[PDB]
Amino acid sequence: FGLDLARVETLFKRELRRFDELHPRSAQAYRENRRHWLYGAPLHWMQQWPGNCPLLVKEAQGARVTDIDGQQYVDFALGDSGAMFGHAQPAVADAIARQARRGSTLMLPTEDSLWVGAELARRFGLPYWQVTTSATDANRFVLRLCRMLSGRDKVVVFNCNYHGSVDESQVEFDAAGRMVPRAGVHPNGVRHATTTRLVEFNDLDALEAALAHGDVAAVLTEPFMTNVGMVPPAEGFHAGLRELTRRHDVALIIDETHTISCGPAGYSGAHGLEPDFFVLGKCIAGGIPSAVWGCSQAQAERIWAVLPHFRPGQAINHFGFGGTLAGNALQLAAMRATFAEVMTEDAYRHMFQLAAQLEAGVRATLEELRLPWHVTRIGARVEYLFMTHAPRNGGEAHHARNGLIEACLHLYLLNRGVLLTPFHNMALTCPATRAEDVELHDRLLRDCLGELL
């Protein structure tokens, strides 16, 4: 990857010692938290920050975080996109506080549901919506409904996708081109040959061959892959994807949980896509677990004919999906504030300007140092990969990842006051990001890479 791995290891060890010295109270907290949390924090992913323990946060506002050791950071991680529009957005926090004090969960709608339903249809261009407690659940539930409406059992996913804890998606290609369980993800009692057809992104011939079996209920995809580094769609890919799925009467599900970085209507709105289903989680409810999903009228009519509107006196049933706290008053209040006050054209304009600045800086560093790496931007979200050219598909991209180099870069920045999400080589801008914060990122990355070379 253009670096001396011994120099990376040397720097990394020094930065691990620096991390211990700078964050003693977080380290003390980790010793205590390891006594009662299975993985030393409430979520096992939190163990995967670089450094010997996760930081404990004292407070955060906008793009600023302060830890319990008093260290201050500019935050480009933003809750791994859960806080994409910044921490503690005042309209959203105010809406959450107000609604909590007048009922958070009633198993009933409020007036905010009226506003949000109409907003979702206006913004995202599909008429009918539902709310879940996570993007994962939106994907699971849409796939169930697609199986119900179509009578077909298989879902197409793309190699090196991520759609959450959707077990049918947890597959990869092995060296022989066979679909096998994703590395490190147990098959969990699923035989994926019965549930899933796997294809590489940007391969219309392979997609045709998969759909032609006649057993595919849906294609589930990001419109631009973001969970193996960034994989842009090739020229003509979306048009082909849309055409093939129409021809084979296969649902096209577009998951914008990350690609909502592209604009206020997502990638789909910015590029004229025509999804059958649209999924969006992570960032829309101020840090309350939530997602929305939407569908076309044509899909809605097929769903209603296999799951009719409930009749008076009918036997109660969940029908295998929904959730007790899904679509609750608190979620809807937070969503209303987010869509009305936060996810605006002006907000995105600012985010794009700062993200473009960050992208240009990374690119200049990669060019100057002659690294065989590249950087990509989708709106507010910027990521680099350790290969010379943009990947054609997820399988290609996967080879351009490295745990040690990633940990070293991330920790060097962390110890000097910049947080990057540990799961990506990405930076995300929000309305509170300032030009100085981008300059600090840029300088620190350049310093780190220069020390390595």
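The first residue of the sequence shown is number 1, and the count goes up from there.
Student: Mean C-alpha B factor from the entry: is it higher for 224 to 232 or for 130 to 138?
Tutor: Comparing 224 to 232 with 130 to 138, the higher average CA B-factor belongs to 224 to 232.
Student: Looking at the entry, does 37 to 45 or 403 to 411 show the higher mean C-alpha B-factor?
Tutor: The stretch with the larger mean CA B-factor is 403 to 411.
Student: If you check the C-alpha B-factor for each of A193, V279, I288, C295 in the entry, which is highest?
Tutor: Of the options given, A193 has the highest CA B-factor in the PDB entry.
Student: Going by the entry, which third of its chain does the Cα temperature factor of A300 land in?
Tutor: Its C-alpha B-factor belongs to the lowest third of this chain's values.
Student: Quick check for you: using the entry's CA B-factors within this chain, is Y348 in the lowest, middle or highest third?
Tutor: Within its chain, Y348 is a middle-third residue by C-alpha B-factor, going by the deposited values.
Student: Looking at the entry's B-factor column for C-alpha atoms only, identify whether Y73 ranks in the lowest, middle or highest third of its chain.
Tutor: Tercile = middle for this residue's CA B-factor.
Student: Pull the Cα B-factor of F201 out of the PDB entry and bin it into the chain's lowest, middle or highest third.
Tutor: Within its chain, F201 is a middle-third residue by C-alpha B-factor, going by the deposited values.
Student: Within this chain, which third does the Cα B-factor at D255 fall in: lowest, middle or highest?
Tutor: Lowest third of the chain for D255's C-alpha B-factor.
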